[PDB]
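Position one of the sequence shown corresponds to residue 141 (this note's numbering), numbered consecutively onward.
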Amino acid sequence: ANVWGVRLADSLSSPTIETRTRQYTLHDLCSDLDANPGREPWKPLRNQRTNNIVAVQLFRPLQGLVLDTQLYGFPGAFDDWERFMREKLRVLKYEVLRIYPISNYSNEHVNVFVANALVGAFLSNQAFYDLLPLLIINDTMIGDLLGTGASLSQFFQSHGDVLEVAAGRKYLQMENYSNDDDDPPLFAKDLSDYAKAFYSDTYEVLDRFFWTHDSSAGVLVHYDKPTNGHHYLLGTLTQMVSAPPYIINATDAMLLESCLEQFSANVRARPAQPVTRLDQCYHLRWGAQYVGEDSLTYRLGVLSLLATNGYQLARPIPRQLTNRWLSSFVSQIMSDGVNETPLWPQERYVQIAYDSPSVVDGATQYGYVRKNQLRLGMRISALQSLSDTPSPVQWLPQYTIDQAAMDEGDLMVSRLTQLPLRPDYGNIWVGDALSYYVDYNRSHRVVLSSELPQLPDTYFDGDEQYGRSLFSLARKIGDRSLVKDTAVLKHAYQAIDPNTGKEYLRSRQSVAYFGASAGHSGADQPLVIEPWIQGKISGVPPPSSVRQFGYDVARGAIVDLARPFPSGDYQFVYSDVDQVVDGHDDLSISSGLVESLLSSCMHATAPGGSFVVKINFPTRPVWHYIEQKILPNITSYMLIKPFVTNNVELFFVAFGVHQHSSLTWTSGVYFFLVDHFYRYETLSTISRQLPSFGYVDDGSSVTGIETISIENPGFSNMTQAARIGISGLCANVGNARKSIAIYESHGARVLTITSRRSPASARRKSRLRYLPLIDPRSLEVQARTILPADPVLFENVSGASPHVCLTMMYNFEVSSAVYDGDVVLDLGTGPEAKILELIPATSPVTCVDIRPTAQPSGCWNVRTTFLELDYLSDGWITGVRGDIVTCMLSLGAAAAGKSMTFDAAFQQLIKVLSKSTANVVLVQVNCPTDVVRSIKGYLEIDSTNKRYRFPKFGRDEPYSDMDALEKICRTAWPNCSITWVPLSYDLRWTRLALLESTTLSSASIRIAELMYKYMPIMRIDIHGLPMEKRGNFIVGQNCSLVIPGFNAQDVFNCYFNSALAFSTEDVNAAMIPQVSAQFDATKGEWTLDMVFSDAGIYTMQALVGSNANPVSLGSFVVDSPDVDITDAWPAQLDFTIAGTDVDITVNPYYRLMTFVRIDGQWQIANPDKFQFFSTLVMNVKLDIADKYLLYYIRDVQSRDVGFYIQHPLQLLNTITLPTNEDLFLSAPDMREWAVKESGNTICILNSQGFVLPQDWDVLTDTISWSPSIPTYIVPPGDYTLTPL
C-alpha cells in the first residue's frame, strides 16, 4: 500500500478490546488533591537529546487553565515548580475542608468540569469562594451547570441550555525549550486560547442551532461517549508556525495527534488490549462546504478511518515520532498518487469496514452505516521487533518469468544511478614472503652465458612503470627490505665445505654494508641489524663490528658509491646501490659499473672473504664478466629471488674471496631464471588492467562498484518503473550478493542497492536477448532499515577457502579447455552453476545434477540446458548427442552418494558414455598421484580403506589404484591419448578471482596445489594412438618406451614445467641423463628408452613430419624416491662435546635439516650445535634443556620444505642421565625457571637480578637454540628445571 507519498500495511493490526470508565466521588476529589508522593498525576516529559524535562502533559482533572500565563507564576526549575504546587495544594486542601468536612460524607459525584474551573480560579490567584455548593452533583450537572445565568463569564459561558467553554489545558511547555530536532510539539494545546467546545446533552437541538453558527472555523467531534457528554467543537483563527516548514491550523494539528493515537493503537494486537475506547478521533461534523477532497485535511480523515480499520505504517515506528519525523511524513503523503482505499466518507454517513477487528461499531450507530457489500480485506500480520542497522547487507535475487526491452531499462536506470562518485579504493593485496634460492650443484652439467633470455625491451615505458608502481602500492606488507636481509643471511648460514665439514661464517668478525637506507625516522640502516645485535633474528650469531655507509647516511663522512674510494677489508661485504644513470642505453655503462662494483668488493675484502650483491639486469655481459674474473676465485656461490612483489630482482652471494674454484653455470638454475621471466612477465601483464586508486567511478570499466537508490519503491501492484530500474540493475550486476540500505533523509524514504560490475557479468550482459524481471514481493516484505554508507571498492579484506581456490583453478582449466564450436556435458552441476557465463557463447551446453535447479532462463542469445536427474543414469545418453565430457565436483561426490569402490562407479560411467558421440573426455580425478603425503587441517587419510577425508568439506571419498585406471582407459578405447592434467606452477586463474575482486595470498594457494598434486583431472581423447609404456618413471630407474611407426622424418619434444626440456633432434642441449630416441628402420618403429634424474609430469609434443607439424601427445608422471628413513640410534649416553655420533639411513636422493619447536616456530638450532655428514652420519650437541624441548629432523633441500618426511626426535628428548660428571647448563627458554638438586634446590635462572654462582663455570660460548642463552659447566649431581 503506497498512497501518494506514504507506504503502509497490507494487513491489519487492530484489536477489539476495551474496558470500563471511572466514576468520580468525594475521596476521588480528595486523593486527586493529595498529589500522591510517587503517584502524582502528571508526566513531565523532556527533549530527546539528553532527555531534559522541558514540558508536561496533564491527567485531567487538574486542568482548567484558561487565561494568560502572565498571571500564572511559577519557577523555571522543575522541583521548584512542584514544591510551590504542593504548598498551594495543601492550602486549598485545608480550605475545601473548611467548606466540607472530611467526614461530612465518604464519596459522592461532583462536576469535574466544575472542579477544573476551581483549579483555574485558584491558580489564577482569583477568588472562587462563592461557587462552592455548585460542586455537588445532585443528579445531572447539565441542569446544574445550566441553572445559572451570569457569573464568571471567563471560564464558562452559557447560551440557552448550552454551556460553551474551552476544555481544560493538557500540555505545558517549560522554560528550557529550544525547538530541537528532539522537541515533540504539544500542538498548541497549552495556549490560553486555542479551541472552543460546546455541550448541552444532546445532538439534535444543537444540530438545529448550527444554522445560526459558524462552521468554517472547524466542526469536529469524537462520537464515542466521553463523560464530557454530547458536545461539538470549533477551532479559532490561530495556526502553528513551528514545525518548519508548516503553518499549522490547530484543527488539522489535533487531527494529526488523533492520527498518532490511532497509529499507537494499531501497533499491538492482543486478545486483551484493555483500552476503554479503541476510538477517540474526530471526523468532520461540519465544514465540508468550504474545501474539497484534495485537501490535506480530507486526506487526514481518510487515514483516520483507515488506521481505524487497523492499517499501519510500513516503516518502523517510534514510540514518540519526531517533530521532524512528522514533517517528513507530511512531505511524503502530500505527494501525488492515489489512495489504496476507495472509501470516501460522508457527513451523510460514515462506513463500517468489512471485518476489521474492532468492536466500536458493536456499540454505536450515530453516524455509522456498514456496506454489507464490503469484501476488501487482508490477512493478519504484525511484528515483534523494529530497529536499525548501519551495514549494507546482502540480498539474493529470485527471478520471475516475463521479458522486457533493453535500451529502455537502460534509460530507466538513467535517472536512478549513483554514478558518478569516487569510491573507497581500499586494499588490493597483501605481501607474501616467497623465495627462490639455489646454489652450486655437482649432479648438474655446465651452462654458458648463451642461454638465458634477456628482459623485454618493454621494461622501460611509462605505462607499465606506473602500473607496476601502482601494485607496489596496492599490496599490504611492511618494508620488504628488512626480512630480505633476514632471510638472505639466514640462508647465508647453510654453506659448508665439502672437505672439512664446517660452515664458512664466523661470529664477531668484520661486517660491512653499503647501499644503506636514507632514513625515514632516524635509522640510515636496515633495522634488521638492531635485533641482530639485540638478538631477535633466530639463531644468528651477532658480530663484533659493522661498517655502515651509503649514498647519504648519518654514520661517517660520505662519498657517493658511484666511483672509486678508500675503504677497508672485512670478513663480510654487504653491497647495495642507489641507481643513477641506467637507461636501456646506459647498459654498456651499467655493465662497466657492475664491473666496478664487483672489483671494488674484490680489492675491499679479506683473503678468503665472501659477500653479497644485489643484481637486477639480465644482460649477458653480467654473467659474462662474472665468469671472466670471479667464479674461479670464489669457493662457491648462491642466488635468490626473495620475492615479495613484482619486479626483476636478483641477489647473489660469493664464497671464499681468493678461494680459487672453477665455477660455471648449470641447467636447473637457468630454467629457474626463465621461470622468473615467464611468471613475473605474466604477473606484471595481469596488472596491466586495473582502475586507478580512489578515482571517481562514473562507470567506464568492466569492473567496479555499482549502486542506485529509490524513493518509495512502488510496492503496490504498481512496480513498473522501479521494477525496470532494479531489473536493469541486476541484469547489469548478476551473480553476486547485493548490499542494501533502507533509510530516510531530507524528508524522504529511500533504499540504496550496491553491487559490482565484472567481466563475468559482462559475459552475462553479452549472452542475452531480453530482460530478467524480478519480484519486489520480497523487497516489499522487509520492514527493516539501514543507515547510509560509503562506496568502498572491496568487501572482503582477508581470508579464503582452498575449496573456492582449486575451484577457480578448475574453472580456468576447463575454459582453458573450453574451445571452438562444442556442446559440452557437465557433471555434478550447480542449480546455481555460474560456469555457464564463463564459457563463451557460440555452441550449446548441458548440465545435469541430482538436485533441483535454481536458475532463470528464456531470454538469451544462447540455448543452455539443465537436467534434474541422476547424472548416474542412462537410457537417454542415446537420446542426447555430444562430443565433450566435463566431470567436476561429482566424481568423489557421486562416490560418497553411492558408498562404493571408485573403480565400480567409474566403470558404470564408462557404460554411461558408452552410448553416444564423444570427442574428448575429462573428469576431475581422485588419483594416487604419488605416495600419500598429508596436508594439515583439511584431509584425513584412510590407508585401511583407501579413502580421502576432508573435515573442512567434512566428508569421505575413496580412491583406488592407477594401473587398473589406465587399463580401463585402454579397455573402453585402446585407441586413445591420455592426459595427466597438471597445473601447480601458474596462478593466472587467480587474476580472475581478483577480476572477481578477490584478494588472496599463497598459503591456501599451495594448499590447493598439494591437493591437486594428487587430485588432478584427466583429459583423454578417443582419437589418439596408444602410448606403449614399458619402463618405470622412477628417478634413476630407466624407462622403455616403444612406438609403432613414425618414419624417421619427424622430431619430438619433451617438455617440463611448461618449458621445453629437450627434443628428438639435438643432444648437445639434451636434458635426460641418458637418452635413446632410436628409430628401427626394419620394423619402422621408434623406441625411446632412457634413464632419469628427475620426477614429476613431463609431456610430449610430436613434431610430426619434417615440416614440423606440432601435435599433442599425452603427458606422463615420474616417481620421486621414497619417504622412508631410519636412525642408526646408539643407546650409549655420553655427555662429551664429541657427543653421541648417531647415524642416518636415508634414501640416496635427499639431505635434511632439523629445527626447534619454538612455540610454533620451526627455528633451526645453533649451527655449531650439531654436525651433519653423509648412510648419513651426524654429530649434534646436547644440554639439559634438550629434555625440555621437542624436536624433529626436517627434510631440507628445497623451498617447499617439509615434503617427504618430518621426524620426531624423542630418542634424544627423553634419555637417562649420570651423576658422576659436570654438565652443560643451557636454558631451554628465557622464562622464569629455577633449579633443584634432587629435592633440594639449586638456583633460579632467568630471574630478575640473578648472579652466577661460582659453583659453576660460565662458558664464553654457549650451547643454545640462539646464541644469547646461558651455558655453564656445572658440578655432578642431579639438578633439574622448573618454570615459575
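Don't be surprised by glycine CBs; every beta carbon is placed ideally from N, CA and C.
Among the options, the one whose alpha carbon lies nearest that of residue i
{"i": "residue 541", "options": "876, 999, 1410 and 1111", "result": "999"}
{"i": "residue 659", "options": "1019, 673, 1051 and 691", "result": "691"}
{"i": "residue 1421", "options": "1398, 237 and 1371", "result": "1371"}
{"i": "residue 974", "options": "331, 1004 and 963", "result": "1004"}
{"i": "residue 446", "options": "919, 164, 1326 and 403", "result": "403"}
{"i": "residue 1358", "options": "714, 1415 and 806", "result": "1415"}
{"i": "residue 1419", "options": "1263, 383, 1360 and 299", "result": "1360"}
{"i": "residue 365", "options": "161, 771, 981 and 1213", "result": "161"}
{"i": "residue 982", "options": "960, 967, 174 and 909", "result": "960"}
{"i": "residue 644", "options": "362, 1263, 304 and 797", "result": "797"}
Buried versus exposed call for residue i [16 or more other C-beta atoms within 10 Å across all chains shown]
{"i": "residue 1393", "result": "exposed"}
{"i": "residue 1087", "result": "buried"}
{"i": "residue 641", "result": "exposed"}
{"i": "residue 837", "result": "buried"}
{"i": "residue 1505", "result": "The question about residue 1505 has no answer, for the chain in this structure spans 141 to 1424."}
{"i": "residue 1217", "result": "buried"}
{"i": "residue 848", "result": "buried"}
{"i": "residue 676", "result": "exposed"}
{"i": "residue 423", "result": "buried"}
{"i": "residue 371", "result": "buried"}
{"i": "residue 1139", "result": "buried"}
{"i": "residue 549", "result": "buried"}
{"i": "residue 552", "result": "buried"}
Paired residues, beta bridge with residue i - DSSP
{"i": "residue 791", "result": "754 and 780"}
{"i": "residue 749", "result": "797"}
{"i": "residue 1293", "result": "1334"}
{"i": "residue 1155", "result": "DSSP lists no partner for residue 1155."}
{"i": "residue 987", "result": "966 and 1006"}
{"i": "residue 539", "result": "914"}
{"i": "residue 1255", "result": "1239"}
{"i": "residue 1181", "result": "1169 and 1228"}
{"i": "residue 423", "result": "361"}
Residues of its chain near residue i, where Cβ-Cβ distance is below 6 Å and the 5 sequence neighbours each way are ignored
{"i": "residue 902", "result": "842"}
{"i": "residue 307", "result": "337"}
{"i": "residue 813", "result": "592"}
{"i": "residue 311", "result": "197, 326, 329 and 330"}
{"i": "residue 499", "result": "156"}
Nonlocal neighbours in the same chain, by C-beta distance under 7 Å from residue i, ignoring five residues either side
{"i": "residue 756", "result": "788, 789 and 790"}
{"i": "residue 260", "result": "204, 205, 206 and 295"}
{"i": "residue 997", "result": "1004"}
{"i": "residue 521", "result": "151"}
Other residues of its chain near residue i: CB distance less than 8 Å, five sequence neighbours each side excluded
{"i": "residue 1433", "result": "What the structure shows of the chain is the stretch from 141 to 1424, and residue 1433 is not part of that stretch, so it cannot be assessed."}
{"i": "residue 345", "result": "301"}
{"i": "residue 1290", "result": "1261, 1335, 1337 and 1344"}
{"i": "residue 385", "result": "467"}
{"i": "residue 254", "result": "271, 274, 275, 281 and 285"}
Any non-hydrogen atom of the ligand COA closer than 7 Å to residue i Cβ
{"i": "residue 213", "result": "By its list of ligands, the structure shown contains no ligand whatsoever, and the ligand COA lies outside what it can speak to."}
Practice item. Taking only runs that begin and end inside the region 650 to 678, name each unbroken beta strand (DSSP E) of 3 or more residues, in chain order. Key: 650 to 654
Check your understanding: Mind pulling the alpha helix (DSSP H) runs of 4 or more residues that sit fully within the region 673 to 752?
Key -> 727 to 743
Point to revise | Those runs of the alpha helix (DSSP H) which lie wholly inside the region 1338 to 1372 and span at least 4 residues | key: 1350 to 1353
Practice item. Only counting runs of 3 or more residues, tell me where the beta strand (DSSP E) segments fall wholly within the region 990 to 1047, in order along the chain. Key: 1004 to 1008 and 1024 to 1027
Exercise for review: Would you mind listing the beta strand (DSSP E) stretches within the region 550 to 611 that are 3+ residues and don't spill past its ends, in chain order?
Suggested key: 576 to 579
Exercise for review: Kindly provide the ranges of any beta strand (DSSP E) runs that are 3 or more residues long and lie completely inside the region 287 to 324, ordered along the chain.
Suggested key: 297 to 299, 302 to 305 and 311 to 313
Point to revise | Ranges of the beta strand (DSSP E) found wholly within the region 450 to 526, counting only runs of at least 3 | key: 490 to 492 and 508 to 510
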